[PDB]
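K.L.:
A single structure is presented below for examination.
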Amino acid sequence: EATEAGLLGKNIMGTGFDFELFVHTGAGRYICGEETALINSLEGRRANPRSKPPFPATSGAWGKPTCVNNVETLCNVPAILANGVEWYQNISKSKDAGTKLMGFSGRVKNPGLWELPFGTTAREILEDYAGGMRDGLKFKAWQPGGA
Amino acid sequence: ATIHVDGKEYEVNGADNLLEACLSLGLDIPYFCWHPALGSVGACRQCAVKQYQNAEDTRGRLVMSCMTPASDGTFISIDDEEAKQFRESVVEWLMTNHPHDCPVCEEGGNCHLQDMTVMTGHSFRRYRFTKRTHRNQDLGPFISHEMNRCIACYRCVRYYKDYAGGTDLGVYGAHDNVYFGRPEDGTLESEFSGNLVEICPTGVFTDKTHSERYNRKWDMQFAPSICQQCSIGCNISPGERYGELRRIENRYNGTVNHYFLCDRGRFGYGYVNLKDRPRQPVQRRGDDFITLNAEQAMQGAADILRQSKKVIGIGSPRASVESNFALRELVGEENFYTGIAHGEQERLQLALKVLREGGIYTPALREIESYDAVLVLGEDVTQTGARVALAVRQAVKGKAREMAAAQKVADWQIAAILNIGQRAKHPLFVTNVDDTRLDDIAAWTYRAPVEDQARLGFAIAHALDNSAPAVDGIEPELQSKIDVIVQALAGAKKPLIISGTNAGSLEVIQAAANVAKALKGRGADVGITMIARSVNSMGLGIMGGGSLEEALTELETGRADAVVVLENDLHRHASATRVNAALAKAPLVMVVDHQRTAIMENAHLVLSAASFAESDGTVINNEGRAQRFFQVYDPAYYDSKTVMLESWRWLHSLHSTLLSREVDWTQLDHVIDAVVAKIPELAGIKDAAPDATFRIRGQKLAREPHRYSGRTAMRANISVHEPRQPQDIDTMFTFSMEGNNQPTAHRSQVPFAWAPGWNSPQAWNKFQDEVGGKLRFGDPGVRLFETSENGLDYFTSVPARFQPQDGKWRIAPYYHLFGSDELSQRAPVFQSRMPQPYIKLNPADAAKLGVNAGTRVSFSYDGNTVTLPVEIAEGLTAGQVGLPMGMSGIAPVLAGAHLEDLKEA
Amino acid sequence: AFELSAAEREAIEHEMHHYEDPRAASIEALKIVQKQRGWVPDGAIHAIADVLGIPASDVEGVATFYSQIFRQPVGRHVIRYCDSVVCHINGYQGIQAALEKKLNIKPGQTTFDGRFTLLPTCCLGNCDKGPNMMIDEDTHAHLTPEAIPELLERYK
Ligand code: SF4
Ligand code: SF4
Ligand code: SF4
Ligand code: FES
Ligand code: FES
Ligand SMILES: [Ca+2]
């Protein structure tokens, strides 16, 4: 649809900047998530990571400078460039600027996914956003990041 | 740079790795995945040390010595608590799943994993769970494979892919079920697969030929010798036990053949322990053969030579300099004929003229890899001598190396270099009759006859310099390819021109010399190398003499009634019927040889000469350097009836008994004095190894390690009374353990690599001033040549275009690696590896003959209609039939010769 | 005796049109062979190596490295049940026992009629919706051991 609308191709809305987008569906190994091993798997090789400090920003995929970014980083950048920078610094009074897709999972009453600003404690998320846990559970432990 | 290890200041290189800098200082850091010739990866974590930035620090950080650059201001520590217990944990993790089969392992006392397990000091086992097992694979007749012993250090695939360029072995597996090998079962088609025995620190890839008739490393009597299979002259360490040669090891030499051998030189030692070898002086009288000792055989041979009127000494390129000169002194100097064809001798003389009179520096094997472009003219480098082809592979990778170095990344991390490179290759232009194994990395491959390759070289030389003679009839697309070649060569800082005498024509050598002169005339740092046929063919050319055909005419005419053939088959260098008739017409034939050849029949006397495992001698490289090989064992230690004396010893005693009627068992350095006092061109060979009266700190050098076993029961099956150790007056070596193999000894030639705590082939790093570089206290062999001030002239003789004809067929050489040498094909292990004798036809030629692939056709040479099955070759040209040189019944003289009557059998 | 169909060659060549290096399309070529034939046979490695130009060792290593590139023959329906920790808390041992009692096999093996092949999977990315599984690129969440025979009867 973006290619049909004149974007994501050659001379995007009369700029001369040429960009082409592709989707590479991997077969699946958890080590492919790391950036150097993602680069190695993108080149059709086994997904072994690479040593540092030869960085991907200097020599990545096929010896060319590359940048690997998460989905949420590239979902947060267009809101930054569309709404401003001072607005992005003025949504949460914490050292980590911006919003994060947080949420609890595992025998919870409402295990879901909600976008919340940084500095929000896990307790309020668990008791109101997750709604607490189910009947007969005492919440003996938790893990901030997934596994 | 200045670093501080263990609270002690050291001065190491700045751009190298910390692991190699610490190993160059004699310190001990265990390692599994780093190799000096393969770069550094992180497949293990064995080289861990503790690094500090400031002069004083408490915690530090556990880093890898092969990933840390040896920069100015690093304060690393090795034998602290944390790094030592981490290395102990890593060797514990390697012994987590390792089979309990050390005494039934081919490595045993040659295993790096044992050395680094003992060095870390880990004996108590806390692992109680099950181990990991794998199946096995059949990797041909050379490399025995078993996967249980592996530690996943990735050195095998790193060598086999990045260094050797092989497209067979690789990594197939997962987290713990990681496999190293081939997707199917079959022979490794790479010509460098035999270096996996020493590349692998474990017993995964082992020597099958040494697995049969196996002995341990400490039981091996070693010697420093030279490989006699082709002209590259790689320094080897043959090692024997119980009177038979058992294993050839790679001998380190930083100028030629640093770390890797080829398959032919590694596995073609099966001819010296054949049971049909001449072990006695056998003389035939009447119609039956009698066996003599040395004394009365020498007396009888001298009597028959005295009764003769003229003696013809036919040398061989396989024989040493000392033996050929001993023949040249036994017979007259005016009549001494080199055992090669007239065309072969002309090509060898032209190659020597280019080498020592062309004014162009000839690179050694190590410094071929530092050149910026390679042009190979008419030479199957990957099949004649493959070590230059491996160095060409490294020179091709040099472009990726220098492009990575332009990005300010270190040179010891090969992963980043191959990351930056990405199939970026230096210009490699190979010309041959058919496809080569270098075509995978070559910038261009030219499939054409020998005359067309020579004309291509003449076109390259004319485009590089207009003073060269022009060649006409060049097609515009071929002219564009010439333009591409010359603009790649003109932009190269250090171009290289490779040729050889195996092409079968003089004009290819002339074209290579013309291109080298054109590159030198414009100020480039051009090098030129020529791959000769046999191990000491260039020494035979330097000594010189008549061709074999001149000797055959002399024998057929009747001017000489006595012929002495030294270590020559005589059927590879001339036609069989003519040689047989000439030898039958001669009233006296003496054959001084170590192999049962076809000329021993109807030969009046056979002298049991000694092979390179049983003789001392000097061989001259294709580069031009003169190295010398030493004896491994005394053949009379077991089965004392046999003598098996050296060829030069036999001929010199024959000459002495001819003159003074007395037998003189002389000494090797006397023969060296003779060759440096008689031949001024050979005056430099008394600098490779010193005199026999050379003892460092008073004592000699040991053939065998200090733990030589069974010294009082090795010969007890025939005599409990232990014989005296064989006294060696020829060399600086004693035959038993009381010599010296200390790494810090003032010497250039090392029998074997053994250090306390280092029982592996990775113990060679203690014998070098810097690891992975040159050998300490110099290198074996001296150059014997200097770059001439004034070069040759431009060779005006440009050959014409090869025009095919229907009646006459041109024989195209192929030179299979395992079948183009008599000494290689005499080995029983090469028979299951070598291909069957075939012939090669064009599709158009097969259509005009009406035959299909696999059908026998009969061709007539020397009046013999012999039949061979055909193969369809796409790269071959019309009017040419392809033949494997060096085969049984197919002499290498036929390369460039014509063929008639190509009829279907 | 393996050979490549015309559609396979067109798809593989169009995939190599998307990358600078033809080596980068090896995983997608193996995936195309998997989508057409169900698994990657021995001759397919050499076919992909000959089409792409990379050696067969690299293709074999790529095929044997990634989990969802099957080299052993599988059934017509690959059941891929979650083996991770969130579905462990939500309960995957019950549905594993239900599958083992229904198909009468062990994980990693196929049924005798070739109808199903049971396999654990690292994760499905559907952690918030309870235990999850995939059958023939069809995902299922909020699973119960009682609904396993009902869920398994809609596949051929
Ligand atoms: S087979 Fe040998 S060289 Fe290869 S990874 Fe294993 S231990 Fe290292
Ligand atoms: S490779 Fe070394 S450690 Fe392994 S079984 Fe052989 S001798 Fe023992
Ligand atoms: S390249 Fe030649 S000299 Fe070197 S090991 Fe091989 S056969 Fe021997
Ligand atoms: S030697 Fe293997 S990590 Fe350095
Ligand atoms: S843990 Fe099962 S879907 Fe992620
Ligand atoms: Ca001797």
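Chain lettering (A, B, ...) mirrors the order of the structure tokens, residue numbering begins at 1 for each chain separately, and ligand numbering begins at 1 in order of display.
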Set the cut-off to 7 Å, count only C-alpha atoms and all ligand atoms, and list whatever residues fall near ligand 2 as a PyMOL selection string.
P.N.:
chain B and resi 98-102+105-109+111-114+149+202-204
K.L.:
List every residue of range 105-147 of chain A that DSSP, applied to the backbone, labels as strand (DSSP E), and write the result as a VMD selection string.
P.N.:
chain A and resid 114 to 117
K.L.:
Please save N, CA, C and O atoms of the selected residues as an mmCIF file, in the first residue's frame.
P.N.:
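Contents of the output file out-v7.cif:
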```
data_model
loop_
_atom_site.group_PDB
_atom_site.id
_atom_site.type_symbol
_atom_site.label_atom_id
_atom_site.label_comp_id
_atom_site.auth_asym_id
_atom_site.auth_seq_id
_atom_site.Cartn_x
_atom_site.Cartn_y
_atom_site.Cartn_z
ATOM 1 N N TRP A 114 -0.232 -2.977 27.972
ATOM 2 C CA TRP A 114 -0.653 -1.584 28.009
ATOM 3 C C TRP A 114 0.560 -0.676 27.882
ATOM 4 O O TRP A 114 1.629 -0.978 28.417
ATOM 5 N N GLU A 115 0.389 0.442 27.183
ATOM 6 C CA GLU A 115 1.449 1.430 27.037
ATOM 7 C C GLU A 115 1.389 2.398 28.211
ATOM 8 O O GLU A 115 0.353 3.029 28.448
ATOM 9 N N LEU A 116 2.488 2.507 28.951
ATOM 10 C CA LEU A 116 2.549 3.346 30.137
ATOM 11 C C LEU A 116 3.865 4.106 30.157
ATOM 12 O O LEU A 116 4.873 3.614 29.636
ATOM 13 N N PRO A 117 3.887 5.304 30.736
ATOM 14 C CA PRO A 117 5.149 6.046 30.844
ATOM 15 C C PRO A 117 6.105 5.389 31.827
ATOM 16 O O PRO A 117 5.713 4.620 32.707
#
```
K.L.:
If you run DSSP on the backbone here, which positions in range 60-153 of chain C get alpha helix (DSSP H)? Please write them as an NGL selection string.
P.N.:
:C and (60-65 or 86-90 or 93-103 or 148-152)
K.L.:
Please extract the residues at most 12 Å from ligand 6, counting only C-alpha atoms and all ligand atoms, and provide them as a PDB file with C-alpha atoms, in the first residue's frame, using the chain letters and residue numbers of this document.
P.N.:
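After the write, result-v7.pdb holds the following:
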```pdb
ATOM      1  CA  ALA B 223      64.481 -36.682  11.399  1.00  0.00           C
ATOM      2  CA  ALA B 609      70.530 -47.417  -2.943  1.00  0.00           C
ATOM      3  CA  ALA B 610      68.920 -45.665   0.013  1.00  0.00           C
ATOM      4  CA  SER B 611      65.786 -43.538  -0.197  1.00  0.00           C
ATOM      5  CA  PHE B 612      65.356 -40.213   1.610  1.00  0.00           C
ATOM      6  CA  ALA B 613      64.347 -42.046   4.794  1.00  0.00           C
ATOM      7  CA  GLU B 614      67.674 -43.930   4.718  1.00  0.00           C
ATOM      8  CA  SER B 615      70.036 -41.427   3.048  1.00  0.00           C
ATOM      9  CA  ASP B 616      71.502 -37.963   3.535  1.00  0.00           C
ATOM     10  CA  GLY B 617      71.559 -35.566   0.618  1.00  0.00           C
ATOM     11  CA  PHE B 629      67.603 -33.978   4.091  1.00  0.00           C
ATOM     12  CA  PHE B 630      68.944 -36.311   6.776  1.00  0.00           C
ATOM     13  CA  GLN B 631      68.682 -40.029   7.470  1.00  0.00           C
ATOM     14  CA  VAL B 632      65.837 -41.262   9.668  1.00  0.00           C
ATOM     15  CA  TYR B 633      67.064 -44.750  10.582  1.00  0.00           C
ATOM     16  CA  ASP B 634      69.812 -47.255   9.926  1.00  0.00           C
ATOM     17  CA  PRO B 635      68.409 -50.033   7.684  1.00  0.00           C
ATOM     18  CA  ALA B 636      70.918 -52.530   9.131  1.00  0.00           C
ATOM     19  CA  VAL B 643      73.121 -52.682   3.744  1.00  0.00           C
ATOM     20  CA  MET B 644      71.025 -50.022   1.889  1.00  0.00           C
ATOM     21  CA  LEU B 645      73.871 -47.549   1.536  1.00  0.00           C
ATOM     22  CA  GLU B 646      73.583 -44.021   0.176  1.00  0.00           C
ATOM     23  CA  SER B 647      73.771 -43.515  -3.584  1.00  0.00           C
ATOM     24  CA  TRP B 648      76.683 -41.071  -3.346  1.00  0.00           C
ATOM     25  CA  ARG B 649      78.422 -43.535  -1.012  1.00  0.00           C
ATOM     26  CA  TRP B 665      83.258 -45.557   2.709  1.00  0.00           C
ATOM     27  CA  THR B 666      83.688 -41.791   2.762  1.00  0.00           C
ATOM     28  CA  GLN B 667      81.760 -39.068   4.580  1.00  0.00           C
ATOM     29  CA  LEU B 668      79.054 -36.663   3.412  1.00  0.00           C
ATOM     30  CA  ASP B 669      80.885 -33.386   4.082  1.00  0.00           C
ATOM     31  CA  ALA B 692      79.017 -33.172  11.023  1.00  0.00           C
ATOM     32  CA  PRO B 726      74.313 -46.741  14.769  1.00  0.00           C
ATOM     33  CA  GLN B 727      77.150 -44.218  14.682  1.00  0.00           C
ATOM     34  CA  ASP B 728      76.426 -41.340  12.294  1.00  0.00           C
ATOM     35  CA  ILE B 729      79.586 -39.786  10.861  1.00  0.00           C
ATOM     36  CA  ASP B 730      77.742 -38.072   7.992  1.00  0.00           C
ATOM     37  CA  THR B 731      75.534 -35.691   9.992  1.00  0.00           C
ATOM     38  CA  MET B 732      75.424 -33.764  13.270  1.00  0.00           C
ATOM     39  CA  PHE B 733      72.803 -36.170  14.644  1.00  0.00           C
ATOM     40  CA  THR B 734      73.019 -39.132  16.997  1.00  0.00           C
ATOM     41  CA  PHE B 735      70.579 -41.979  16.399  1.00  0.00           C
TER      42      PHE B 735
END
```
K.L.:
Residues within 6 Å of ligand 3 should be enumerated using only C-alpha atoms and all ligand atoms and returned as a ChimeraX atom specification.
P.N.:
/B:227,229-234,261-262,264-265,385-387
K.L.:
Could I get the residue neighbourhood of ligand 1 at 7 Å, counting only C-alpha atoms and all ligand atoms, as a ChimeraX atom specification?
P.N.:
/B:33,147,150-157,180,199-202,204-205
K.L.:
For residue 750 in chain B, find every residue with an atom within 8 Å (counting only C-alpha atoms), except residues of its own chain fewer than 5 positions away, and show them as a VMD selection string.
P.N.:
chain B and resid 224 251 741
K.L.:
Could you take the residues named above and write them with N, CA and C atoms, as a PDB file, in the first residue's frame?
P.N.:
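Result file again_23.pdb:
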```pdb
ATOM      1  N   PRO B 224      64.817 -34.422  10.505  1.00  0.00           N
ATOM      2  CA  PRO B 224      64.450 -33.291   9.637  1.00  0.00           C
ATOM      3  C   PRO B 224      64.849 -33.581   8.196  1.00  0.00           C
ATOM      4  N   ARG B 251      57.113 -29.964   9.364  1.00  0.00           N
ATOM      5  CA  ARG B 251      58.263 -29.334   9.995  1.00  0.00           C
ATOM      6  C   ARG B 251      58.204 -27.835   9.740  1.00  0.00           C
ATOM      7  N   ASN B 741      67.216 -31.504  21.909  1.00  0.00           N
ATOM      8  CA  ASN B 741      66.110 -30.889  21.190  1.00  0.00           C
ATOM      9  C   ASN B 741      65.505 -29.762  22.017  1.00  0.00           C
TER      10      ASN B 741
END
```
K.L.:
May I ask you to write as a VMD selection string all residues lying at most 10 Å from ligand 4, with only C-alpha atoms and all ligand atoms counted?
P.N.:
chain B and resid 17 to 20 29 to 35 39 to 49 63 to 68 153 to 155
K.L.:
Please, which residues have at least one atom within 7 Å of an atom of ligand 5, using only C-alpha atoms and all ligand atoms, listed as an NGL selection string?
P.N.:
:C and (82-87 or 123-127 or 131-132)
K.L.:
Using only C-alpha atoms for the distances, tell me which of B:885, B:172, B:93, B:317 is nearest to residue 58 in chain C.
P.N.:
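Among B:885, B:172, B:93, B:317, it is B:172 that comes nearest to residue 58 in chain C.
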K.L.:
For residue 44 in chain C, list every protein, DNA or RNA residue within 8 Å, evaluated using only C-alpha atoms, and leave out those in the same chain fewer than 2 positions away; present the list as a short mmCIF file (atom, residue, chain, number, x, y, z; two decimals) with C-alpha atoms, in the first residue's frame.
P.N.:
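And here is the file that came out, selection-v1.cif:
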```cif
data_model
loop_
_atom_site.label_atom_id
_atom_site.label_comp_id
_atom_site.auth_asym_id
_atom_site.auth_seq_id
_atom_site.Cartn_x
_atom_site.Cartn_y
_atom_site.Cartn_z
CA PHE C 2 16.02 -34.98 -6.34
CA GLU C 3 15.07 -32.25 -8.81
CA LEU C 4 13.70 -28.72 -8.46
CA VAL C 33 11.32 -26.40 -0.38
CA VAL C 40 14.14 -30.84 3.09
CA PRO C 41 15.56 -34.08 1.60
CA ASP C 42 19.23 -34.89 1.07
CA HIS C 46 22.89 -29.95 -3.26
CA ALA C 47 20.14 -28.46 -5.44
CA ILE C 48 20.09 -25.23 -3.40
#
```
K.L.:
As an NGL selection string, please: the residues near range 11-28 of chain A (cut-off 8 Å, only C-alpha atoms, same-chain neighbours under 4 positions excluded).
P.N.:
(:A and (6-7 or 32 or 42)) or (:C and (18 or 27-28 or 31 or 66-69))
K.L.:
With a distance cut-off of 7 Å and only C-alpha atoms, select the neighbouring residues of residue 135 in chain C, excluding the residue or stretch itself and same-chain residues fewer than 5 positions from it, and output the selection as a ChimeraX atom specification.
P.N.:
/C:77-80
K.L.:
Restricting it to C-alpha atoms, dump the selection as a compact mmCIF listing (two decimals), in the first residue's frame.
P.N.:
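Okay, this is what ended up in part_36.txt:
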```
# COMPACT_ATOMS: atom_id res chain seq x y z
CA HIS C 77 0.41 -31.69 10.22
CA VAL C 78 3.21 -30.43 12.47
CA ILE C 79 1.82 -29.76 15.94
CA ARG C 80 4.13 -27.25 17.63
```
K.L.:
Would you mind listing, for every residue of chain C within 12 Å of chain B, the two atoms forming the shortest contact and the distance between them in Å to one decimal, using only C-alpha atoms, sorted by chain and ascending residue number, as CSV?
P.N.:
```
residue,atom,partner,partner_atom,distance
C:20,CA,B:422,CA,10.7
C:21,CA,B:422,CA,9.0
C:22,CA,B:423,CA,11.9
C:23,CA,B:422,CA,11.1
C:41,CA,B:183,CA,11.9
C:42,CA,B:183,CA,8.7
C:43,CA,B:184,CA,10.5
C:44,CA,B:183,CA,11.8
C:45,CA,B:183,CA,9.0
C:46,CA,B:183,CA,9.7
C:49,CA,B:167,CA,10.8
C:53,CA,B:440,CA,10.3
C:54,CA,B:167,CA,8.7
C:55,CA,B:167,CA,5.7
C:56,CA,B:168,CA,7.4
C:57,CA,B:170,CA,5.4
C:58,CA,B:170,CA,6.8
C:59,CA,B:172,CA,9.1
C:60,CA,B:172,CA,6.3
C:61,CA,B:172,CA,4.0
C:62,CA,B:172,CA,7.4
C:63,CA,B:172,CA,8.1
C:64,CA,B:173,CA,5.4
C:65,CA,B:174,CA,5.3
C:66,CA,B:174,CA,7.9
C:67,CA,B:174,CA,8.8
C:71,CA,B:173,CA,12.0
```
K.L.:
For the selection you just gave me, I'd like the residues written to a file as a PDB file, in the first residue's frame, keeping N, CA and C atoms.
P.N.:
```
ATOM      1  N   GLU C  20      21.795  -8.449  -1.851  1.00  0.00           N
ATOM      2  CA  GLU C  20      23.079  -8.182  -2.493  1.00  0.00           C
ATOM      3  C   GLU C  20      23.838  -9.474  -2.776  1.00  0.00           C
ATOM      4  N   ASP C  21      23.856 -10.392  -1.815  1.00  0.00           N
ATOM      5  CA  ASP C  21      24.570 -11.651  -1.929  1.00  0.00           C
ATOM      6  C   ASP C  21      23.561 -12.773  -2.105  1.00  0.00           C
ATOM      7  N   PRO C  22      23.738 -13.648  -3.099  1.00  0.00           N
ATOM      8  CA  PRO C  22      22.813 -14.785  -3.254  1.00  0.00           C
ATOM      9  C   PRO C  22      22.845 -15.776  -2.100  1.00  0.00           C
ATOM     10  N   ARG C  23      23.881 -15.745  -1.253  1.00  0.00           N
ATOM     11  CA  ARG C  23      23.919 -16.599  -0.069  1.00  0.00           C
ATOM     12  C   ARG C  23      22.787 -16.272   0.898  1.00  0.00           C
ATOM     13  N   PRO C  41      14.836 -32.820   1.788  1.00  0.00           N
ATOM     14  CA  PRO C  41      15.556 -34.083   1.599  1.00  0.00           C
ATOM     15  C   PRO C  41      17.054 -33.849   1.412  1.00  0.00           C
ATOM     16  N   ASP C  42      17.773 -34.951   1.180  1.00  0.00           N
ATOM     17  CA  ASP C  42      19.227 -34.887   1.068  1.00  0.00           C
ATOM     18  C   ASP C  42      19.664 -34.207  -0.225  1.00  0.00           C
ATOM     19  N   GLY C  43      18.971 -34.483  -1.332  1.00  0.00           N
ATOM     20  CA  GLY C  43      19.327 -33.870  -2.600  1.00  0.00           C
ATOM     21  C   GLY C  43      18.967 -32.403  -2.696  1.00  0.00           C
ATOM     22  N   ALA C  44      18.058 -31.932  -1.837  1.00  0.00           N
ATOM     23  CA  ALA C  44      17.675 -30.526  -1.851  1.00  0.00           C
ATOM     24  C   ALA C  44      18.822 -29.622  -1.425  1.00  0.00           C
ATOM     25  N   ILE C  45      19.691 -30.100  -0.531  1.00  0.00           N
ATOM     26  CA  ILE C  45      20.852 -29.316  -0.112  1.00  0.00           C
ATOM     27  C   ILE C  45      21.774 -29.060  -1.298  1.00  0.00           C
ATOM     28  N   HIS C  46      22.056 -30.107  -2.078  1.00  0.00           N
ATOM     29  CA  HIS C  46      22.894 -29.949  -3.262  1.00  0.00           C
ATOM     30  C   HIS C  46      22.196 -29.138  -4.345  1.00  0.00           C
ATOM     31  N   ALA C  49      22.504 -25.575  -3.256  1.00  0.00           N
ATOM     32  CA  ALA C  49      23.903 -25.189  -3.416  1.00  0.00           C
ATOM     33  C   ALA C  49      24.249 -24.920  -4.877  1.00  0.00           C
ATOM     34  N   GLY C  53      25.050 -21.182  -5.749  1.00  0.00           N
ATOM     35  CA  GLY C  53      26.471 -21.073  -5.979  1.00  0.00           C
ATOM     36  C   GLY C  53      27.328 -21.265  -4.744  1.00  0.00           C
ATOM     37  N   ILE C  54      26.731 -21.225  -3.557  1.00  0.00           N
ATOM     38  CA  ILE C  54      27.448 -21.487  -2.311  1.00  0.00           C
ATOM     39  C   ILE C  54      27.641 -22.996  -2.194  1.00  0.00           C
ATOM     40  N   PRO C  55      28.639 -23.482  -1.454  1.00  0.00           N
ATOM     41  CA  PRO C  55      28.828 -24.934  -1.332  1.00  0.00           C
ATOM     42  C   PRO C  55      27.731 -25.584  -0.500  1.00  0.00           C
ATOM     43  N   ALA C  56      27.643 -26.911  -0.640  1.00  0.00           N
ATOM     44  CA  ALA C  56      26.609 -27.682   0.040  1.00  0.00           C
ATOM     45  C   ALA C  56      26.825 -27.760   1.544  1.00  0.00           C
ATOM     46  N   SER C  57      28.056 -27.553   2.017  1.00  0.00           N
ATOM     47  CA  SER C  57      28.314 -27.568   3.453  1.00  0.00           C
ATOM     48  C   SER C  57      27.601 -26.420   4.158  1.00  0.00           C
ATOM     49  N   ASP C  58      27.605 -25.230   3.552  1.00  0.00           N
ATOM     50  CA  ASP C  58      26.927 -24.087   4.157  1.00  0.00           C
ATOM     51  C   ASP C  58      25.415 -24.277   4.166  1.00  0.00           C
ATOM     52  N   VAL C  59      24.857 -24.819   3.079  1.00  0.00           N
ATOM     53  CA  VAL C  59      23.420 -25.075   3.022  1.00  0.00           C
ATOM     54  C   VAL C  59      23.024 -26.143   4.035  1.00  0.00           C
ATOM     55  N   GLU C  60      23.852 -27.182   4.182  1.00  0.00           N
ATOM     56  CA  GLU C  60      23.588 -28.218   5.176  1.00  0.00           C
ATOM     57  C   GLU C  60      23.657 -27.659   6.592  1.00  0.00           C
ATOM     58  N   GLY C  61      24.627 -26.779   6.855  1.00  0.00           N
ATOM     59  CA  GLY C  61      24.721 -26.163   8.169  1.00  0.00           C
ATOM     60  C   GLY C  61      23.554 -25.245   8.478  1.00  0.00           C
ATOM     61  N   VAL C  62      23.085 -24.498   7.476  1.00  0.00           N
ATOM     62  CA  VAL C  62      21.912 -23.648   7.662  1.00  0.00           C
ATOM     63  C   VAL C  62      20.667 -24.497   7.905  1.00  0.00           C
ATOM     64  N   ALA C  63      20.517 -25.595   7.158  1.00  0.00           N
ATOM     65  CA  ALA C  63      19.355 -26.463   7.332  1.00  0.00           C
ATOM     66  C   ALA C  63      19.371 -27.164   8.687  1.00  0.00           C
ATOM     67  N   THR C  64      20.552 -27.540   9.174  1.00  0.00           N
ATOM     68  CA  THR C  64      20.664 -28.236  10.448  1.00  0.00           C
ATOM     69  C   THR C  64      20.797 -27.299  11.641  1.00  0.00           C
ATOM     70  N   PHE C  65      20.948 -25.995  11.414  1.00  0.00           N
ATOM     71  CA  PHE C  65      21.055 -25.044  12.513  1.00  0.00           C
ATOM     72  C   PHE C  65      19.688 -24.592  13.016  1.00  0.00           C
ATOM     73  N   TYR C  66      18.835 -24.115  12.117  1.00  0.00           N
ATOM     74  CA  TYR C  66      17.539 -23.584  12.509  1.00  0.00           C
ATOM     75  C   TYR C  66      16.574 -24.715  12.841  1.00  0.00           C
ATOM     76  N   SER C  67      15.726 -24.478  13.846  1.00  0.00           N
ATOM     77  CA  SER C  67      14.860 -25.536  14.354  1.00  0.00           C
ATOM     78  C   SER C  67      13.744 -25.872  13.373  1.00  0.00           C
ATOM     79  N   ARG C  71      14.710 -31.877   8.433  1.00  0.00           N
ATOM     80  CA  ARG C  71      15.429 -32.779   7.544  1.00  0.00           C
ATOM     81  C   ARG C  71      14.929 -34.213   7.621  1.00  0.00           C
TER      82      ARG C  71
END
```
K.L.:
Would you mind telling me which residue in A:102, A:125, A:91, A:79 lies nearest to chain C when using only C-alpha atoms?
P.N.:
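Of A:102, A:125, A:91, A:79, the one nearest chain C is A:102, counting only C-alpha atoms.
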K.L.:
Please identify all polymer residues within 8 Å of residue 104 in chain A, counting only C-alpha atoms, omitting same-chain residues fewer than 3 positions from it, and present them as a short mmCIF file (atom, residue, chain, number, x, y, z; two decimals) with N, CA and C atoms, in the first residue's frame.
P.N.:
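To be explicit, this is the file written out as result_26.cif:
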```cif
data_model
loop_
_atom_site.label_atom_id
_atom_site.label_comp_id
_atom_site.auth_asym_id
_atom_site.auth_seq_id
_atom_site.Cartn_x
_atom_site.Cartn_y
_atom_site.Cartn_z
N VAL A 108 -2.65 -14.44 35.96
CA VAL A 108 -3.18 -13.15 36.36
C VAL A 108 -4.63 -13.08 35.89
N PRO A 111 -4.19 -10.78 32.11
CA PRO A 111 -2.85 -10.70 31.52
C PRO A 111 -2.90 -10.06 30.14
N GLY A 112 -2.39 -8.83 30.04
CA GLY A 112 -2.47 -8.10 28.80
C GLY A 112 -1.24 -7.29 28.46
N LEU A 113 -1.45 -6.15 27.79
CA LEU A 113 -0.35 -5.32 27.32
C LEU A 113 -0.84 -3.89 27.21
N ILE A 125 0.53 -1.36 38.36
CA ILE A 125 0.19 -2.08 37.13
C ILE A 125 -0.47 -3.41 37.46
N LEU A 126 0.12 -4.15 38.40
CA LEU A 126 -0.40 -5.47 38.75
C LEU A 126 -1.77 -5.39 39.41
N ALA A 130 -3.40 -4.91 35.53
CA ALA A 130 -3.60 -6.35 35.51
C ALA A 130 -4.77 -6.80 36.36
#
```
K.L.:
Based on only C-alpha atoms, which of the residues in chain B come within 8 Å of chain A? I want them as a list in words.
P.N.:
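Listed by rising number, the hits are residues 42, 409, 415, 416, 419, 420, 421 and 422 of chain B.
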K.L.:
What does the distance from CA of residue 690 in chain B to CA of residue 318 in chain B come to in Å, to one decimal?
P.N.:
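So the answer is 23.4 Å.
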